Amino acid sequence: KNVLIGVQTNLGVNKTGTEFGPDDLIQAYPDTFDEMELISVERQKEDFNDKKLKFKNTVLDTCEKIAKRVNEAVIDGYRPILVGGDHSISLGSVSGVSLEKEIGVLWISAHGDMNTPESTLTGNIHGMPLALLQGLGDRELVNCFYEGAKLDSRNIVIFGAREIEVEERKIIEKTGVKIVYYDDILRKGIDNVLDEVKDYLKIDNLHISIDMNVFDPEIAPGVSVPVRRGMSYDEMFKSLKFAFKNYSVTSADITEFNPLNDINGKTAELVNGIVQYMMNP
């Protein structure tokens, strides 16, 4: 039993469009998204001198609302499926679930999203969530919902990375996290690499955090930040099938759907199909 929860924010990516993702879908595919529960962003007082931690307090308050409702959904025995909204929302969701169940995570994205104020070149919190869930970054953000890291570095697999800066690379090496590059899917194949996932990540309870930027921008144009050379539809849905079969999927996130840059709902249809397979795997 799944519950759909839309988050209408873009204060992580700080680029116009992805905050319209949830409302856009309610109208594009009502039969799928019509009853989704929408979370109300409450703007919080900020310090705009801080350009390496933009909208810290608001992103944090929103992730707290996310975590609380997601935790209530897990306690009721439902699978929360979060429709964003930029990737920062994951900070909330992963925090609301980890309280009730220690989880692994398949982080499907073109970026590691493991930046810190010291490594970020943008100050965007859409590219810091994983690091913060591993106890790296701002302490108030790390302490969302409950104090302390929310994931074990060993229970994380970053799937489909294509771009990684040196300063973020140093945060990555310090955690020993496993990163499947998209060049791995290109050279070895999606099935061999999915087998590698079965080999490495072994906890049964699994969270799936999807960044729409993992796709090839020709298939998923509607993302505030496109990274060229990404996954196809087939590879993505093979990954989803493998995940739902070889694990117990606790929750999921589909993030960074920017309807403004989309071309005829192609990306919106990608998200529709992802949610529809999640609803009846």
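From 1 onward, residues are counted along the sequence shown.
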item: Higher-scoring stretch by recorded Cα B factor average, 117 to 125 or 167 to 175; value: 167 to 175
item: Given 87 to 95 and 69 to 77, the range whose Cα B-factors average higher in the PDB entry; value: 69 to 77
item: Residue with maximal Cα B-factor (values as given in the PDB entry) among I254, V59, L53, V227; value: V227
item: Chain-wide C-alpha B factor ranking for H207, given as lowest, middle or highest third; value: middle
item: Cα B factor band for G148 (lowest, middle or highest third within the chain); value: lowest
item: Ranked against its chain, the third holding the CA B-factor of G160; value: lowest
item: Chain thirds of CA B-factor: placement of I185; value: middle
item: Third of chain Cα B-factors occupied by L194; value: highest
